[PDB]
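> please find the sequence and an experimentally derived structure below.
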Amino acid sequence: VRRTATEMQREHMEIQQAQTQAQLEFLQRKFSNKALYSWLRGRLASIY
Amino acid sequence: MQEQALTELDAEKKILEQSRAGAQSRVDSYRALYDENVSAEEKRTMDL
């Protein structure tokens, strides 16, 4: 019983890994990411 | 996962109930030994 509880702990850990990858993927695909503000920052620094 | 954490204690209860059964068997053995102090035949040999 304790081994089939720790296998469920492993499955819980794998679904936390999948959720962390979904969060990273959301921060990369989103529009207001690092790249948008990077281009806007450099472009406004030039204009300024 | 909490339900597996709860059924592990129901397995622990089975462990302690088997321990309880073994100790009850030892009590039922040694009370039978202690009540019969000397047998009916251990008295015969002292008489002999």
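Yes, it's here. Numbers count the residues shown, from 1 in each chain, chains lettered A, B, ... in the order given.

> okay, which residue is most central for chain A?
The centroid of chain A falls nearest to residue A:24 when counting by CA atoms, centre = their mean (1.3 Å).

> near chain A, which residues of chain B?
B:1, B:4, B:5, B:7, B:8, B:11 (CB under 8 Å from any CB of the partner chain). Every C-beta, even on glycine, is put in place using the N, C-alpha and C of the backbone.

> now those residues as a markdown table including neighbour count and secondary structure?
Formatted as a markdown table, those follow (neighbours: other CB atoms under 10 Å in any protein chain shown; DSSP: H, G, I helix; E, B strand; the rest coil):
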| residue | neighbour count | secondary structure |
| --- | --- | --- |
| B:1 | 11 | coil |
| B:4 | 15 | helix |
| B:5 | 13 | helix |
| B:7 | 13 | helix |
| B:8 | 14 | helix |
| B:11 | 10 | helix |
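
> looking at those, which is nearest chain A?
residue B:4 (4.0 Å; CB to the nearest CB).

> skipping its backbone neighbours, what lies nearest the closest one in space?
Computed as CB to CB, 6 or more residues apart in numbering or on different chains, the closest residue to residue B:4 that is not its neighbour in sequence is residue A:5, at 4.0 Å.

> neighbours of the one you found, just the number please.
By other CB atoms under 10 Å in any protein chain shown, 16 other residues sit near residue A:5.
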